Every structure is written in structure tokens, then in C-alpha cells.
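First, one chain by itself: the form deposited in one PDB entry, in C-alpha cells.
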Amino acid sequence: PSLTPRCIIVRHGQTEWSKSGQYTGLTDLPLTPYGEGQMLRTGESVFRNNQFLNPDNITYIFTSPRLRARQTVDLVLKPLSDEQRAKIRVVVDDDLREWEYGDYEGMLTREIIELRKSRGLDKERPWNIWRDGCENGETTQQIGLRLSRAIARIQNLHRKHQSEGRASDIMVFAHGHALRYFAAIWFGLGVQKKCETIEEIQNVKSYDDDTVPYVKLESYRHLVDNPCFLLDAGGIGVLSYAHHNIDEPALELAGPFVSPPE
């Protein structure tokens, strides 16, 4: 059979706030100079030195609209030729933005804890973003819904490519909470929820690319607790499928690592 399709998740490189631990959501920070170099080196490793990715197999790249994610795309793809890039579709999708932190934008965890405490919250148990979301920001159900929509579009593309006998690596450039969340629901963590409310059923028009079919969900997944994942800035994870079957989504424990050939 053709190579099993994969979804390659890439967290953006260093910004001024990723370094301090400040929560970076809608704030449109650029990469730091260090962060730029970090992503240049990451591209060189995956394409040139280690060949963990083959440009010929990359079909689509989906990115968050945030500058830091878009910069990361360009830096990671630098080792490619213009012809190789010409064969890869890049799609900006608002469904891949970071968790909307609301009141907590730019804060550290310990500051958020103290602010919530001062507001009379968390008297029974600690704040847990995965369960509780953020004041004046997104609930966990809101982020689960939109990530589920993006997953469905990606998996639909994979099914089509597989049916054509085509390898298909699809890359997703986004953010730390969103990507851990995305990985978690990909392989079936959390709970399934039927799409019933207006928000659950609506098409928010999060991307403009008519080559990517919209998938109207019947159900979605969301988390209610911490999936207990690590993913550094610049980190790369891999989501794929068991038994060459799009209906068996799975997490690749090796991330992008494969044994060298021969």
C-alpha cells in the first residue's frame, strides 16, 4: 500500500512570552531572533540532516493565522526549492488559533491562580484550563469543537489522498495548548459530544481555500482534564493511523523520529 498518511504538528518557535511563560493567545507576537534561528535549524534537521520529512510527500500545510505560526512555516520550509514549495498548499485556518485566554492574556499561571482566588474561585479544587477554560475567553468545549472541525478536514484530505494511492503528510503549525489538545482528541482522548446547538452546527468560515472541503460535524470531541503532554517551542509531533485505516487514528510515540534507512 501507499505510505500511511500523517499529520505533523509543529509548535511555533520562541517569542518574548513563550520564554517567560506568559500566556500568548490572540496577542500577535513575532518570533524572537533566537526563535527564528531555532526554526531555521529545525527545518534543516527535518529535511536536510535527518530527512524525517520528504517534501514530495507533503500535500498541505495548515497554519494558525498568528504571525509567529506563519513565520515558523516559512523558516521550516527554507531548505525546499521554489518548485517543491509550488507543490504544497498552505492554508491559514482560524480554527487552529491558540486557546483564547480572555482575562488571562499575558499572565503567568501563578498570576492567573491568584487573580481567580481574589475573585472567589477555585475554593473546592484548583483551576484546570482543560476543564474550566478562561474567564472572558474560550471554554474547553469551544476549543474542542473548532479543533475537531480542523481534524475532520485533514482526515478527509488524507482519505482522498490514500484513495489516489498518494502519500500525504499534512502539517499543522500552531500553538502549545491548541496542539496538545489537537493531539489528544486525534487519538480519542476526552469525550464525544453530539453537535446540537447553533454554535456546534454553524460554519464559521474559518479558512478560505476552496480546495479543502468543509466537513459538517455530527459530533465532536473535547477534553475535560489535562492530557498530560509535553511539547516545547519548535517541537514536532506526529499523528497517524493504525492498519492503514483512516478510521483508526493513532498517536506516533516516536514523534518524527524514524530509523535511518538501509
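For clarity, a rigid core is taken as the largest C-alpha set superposing within 1.5 Å between two forms. For every residue, the number given is its place in the sequence shown, counted from 1.
What comes next is about the form deposited in another entry, which is not displayed.
Trainee: Which single residue of 51, 211, 219, 203, after superposing the core, moves its CA by 2 Å or more between the shown form and the other one?
Mentor: The residue that shifts is 51.
Trainee: Does residue 242 count as moved between the shown form and the other one, where moved means a C-alpha shift of 2 angstroms or more after fitting the rigid core?
Mentor: The answer is no, as the C-alpha of residue 242 shifts between the shown form and the other one by less than 2 Å after core alignment.
Trainee: Against the shown form, C-alpha atoms of residue 50 and residue 56 in the other entry: closer or farther, for a change of 3 Å or more?
Mentor: Note: Cα gap between residue 50 and residue 56 shrinks in the other entry.
Trainee: Is the CA-CA spacing of residue 65 and residue 256 tighter or wider in the other entry than here, given a 3 Å or more change?
Mentor: Farther is correct, given that in the other entry the C-alpha spacing of residue 65 to residue 256 is increased by at least 3 Å.
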